[PDB]
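Quick notes on the structure that follows.
Taken together, the values in this text are just the output of simple stated rules run on the coordinates, not laboratory data. Every residue, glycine among them, receives a Cβ derived from its backbone with ideal geometry; neighbour counts consider all protein chains shown.
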Amino acid sequence: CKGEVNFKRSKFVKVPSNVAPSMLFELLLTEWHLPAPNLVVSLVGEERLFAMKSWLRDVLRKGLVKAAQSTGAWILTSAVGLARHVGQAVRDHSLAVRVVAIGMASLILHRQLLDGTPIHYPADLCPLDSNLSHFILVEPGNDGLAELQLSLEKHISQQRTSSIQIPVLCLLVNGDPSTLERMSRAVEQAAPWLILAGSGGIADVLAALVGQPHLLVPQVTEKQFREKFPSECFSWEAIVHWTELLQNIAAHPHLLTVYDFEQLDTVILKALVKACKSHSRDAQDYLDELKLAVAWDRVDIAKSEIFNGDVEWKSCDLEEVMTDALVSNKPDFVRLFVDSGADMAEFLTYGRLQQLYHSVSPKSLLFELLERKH
């Protein structure tokens, strides 16, 4: 149900859990008039118990703002400390391709007043700021929100729906003991994970949970839970359940990687290309990664991960992305493609020349000459 809030018109859709996420995604793409999704990034951890370095958070936010103009992404943070500051900075920079923030929450103070239009909430309890310029609300236990978020993130990572497709990234910041089950709801969801180190405790210890391969260790799991901020003790049954859940997590470990940012787009690209490699060795998701790189112009990672790999290249995918990169004024790429197998002795036919001449910014003097001539 479409709900309105006027408190930049920050508006939302109130769609409960256990409801078709494909319909929600399509009505969001059609209603908000939001440009075609290229990539999407999600922020899952919202635990204000651990505060990453303010300088670290500001640097990461600045890097994300820089990458937003080139790539074009969606923020899917959940509606404090360093997380709230990073979100506010990202929103303030988005207010000035374009990136949008999307908050997810179930059925918040003044809930009855909002469920009934100038919204008044002058308080000093789920406060929402101007960060959610376009939001989503759910009115379904936390299992409803978990399944809803997971299935939405799965659908936004659909196929072509020109092989058009987008990447999803879930970011944990020192997580939560139930965010671990939420991560179990995503390991089989065919979506990659990226974890930081200087964010907090649970992040730093997850950096070694799956990093150090041990068959079974519930005792060591509880020792880690009690070493990293022992705010509350746990029994053996819950720790054993979480250990079995870790065993399920480690079934597809390639989708997760750690990084200490206290010591940018490069790690996102590396994680995503590892995902496309471990998923399978095909030219198609390779083409996905290629297109992303060309949108980013990370020639180093492009040559190393995609082409330097043992995959054999050919004319078709290299051809499509060559037409994509030629017009895009990135010559280094064109070189990388022609020495990799692009045969412009037979690629470029008169048709492609007409198509290249048609793709000029009408503010170019060549276009003025062509217009006057015709």
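Data for the structure
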item	result
Within region 133-172, backbone nitrogen closer than 12 Å to the virtual label 7 Å beyond the Cα of residue 181 toward Cβ	141-147
Residues whose placed amide H lies under 5 Å from that of residue 43, excluding near-sequence neighbours	76, 77, 78, 171
Per-residue [θ]222 nm for the chain (sum of -39500 (n - 2.57) over DSSP H runs n ≥ 4, rounded to 500)	-13500 deg cm²/dmol
Proximal charge balance of residue 301 [Cβ under 15 Å; K/R count +1, D/E count -1]	0
Estimated FRET transfer efficiency (residue 27, residue 373; beta-carbon r; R0 56 Å; 0.05)	0.75
Under Karplus coefficients 6.51, -1.76 and 1.60, residue-wise ³J(HN,Hα) of region 39-52 in Hz, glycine/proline x	9, 9, 10, 10, 10, 9, x, 10, 9, 7, 6, 10, 10, 5
Label point distance in nm, residue 284-residue 237, each placed 7 Å from Cα along Cα→Cβ	4.5 nm
For region 209-225 versus region 8-22, the gap between their alpha-carbon centres in whole angstrom	39 Å
DSSP-loop GluC sites (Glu not before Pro) across region 283-374, with at most 14 other Cβ within 10 angstrom	312, 346
Sparsely packed trypsin sites (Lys or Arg not before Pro) within region 273-374, loop by DSSP, other Cβ within 10 Å at most 10	363
Straight-distance crosslink candidates among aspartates and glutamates, where the alpha carbon sits under 12 Å from residue 14 and sequence neighbours closer than 8 are dropped	4, 115, 139
For region 65-91 and region 106-138, distance of Cα centres in Å	20 Å
Karplus-derived 3J(HN,Hα), 6.51/-1.76/1.60, for each residue of region 318-332, Hz, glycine and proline x	3, 5, 4, 6, 5, 4, 6, 8, 4, 5, 6, 6, 10, x, 3
Total formal charge among the other residues, if their Cβ is under 11 angstrom from that of residue 108, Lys/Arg +1 and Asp/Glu -1	-1
Principal semi-axes in Å for region 60-100 [√(5λ), Cα gyration tensor, largest first]	17, 10, 9
Cross-link table 274/303; 277/303; 8/53, entries beyond 21 Å C-alpha to C-alpha	8/53
Residues with amide H under 5 Å from that of residue 101, placed H, sequence gap 5 or more	75, 133, 134
In nm, spacing of pseudo-spin labels at residue 260 and residue 58 (7 Å Cα→C-beta vector)	2.3 nm
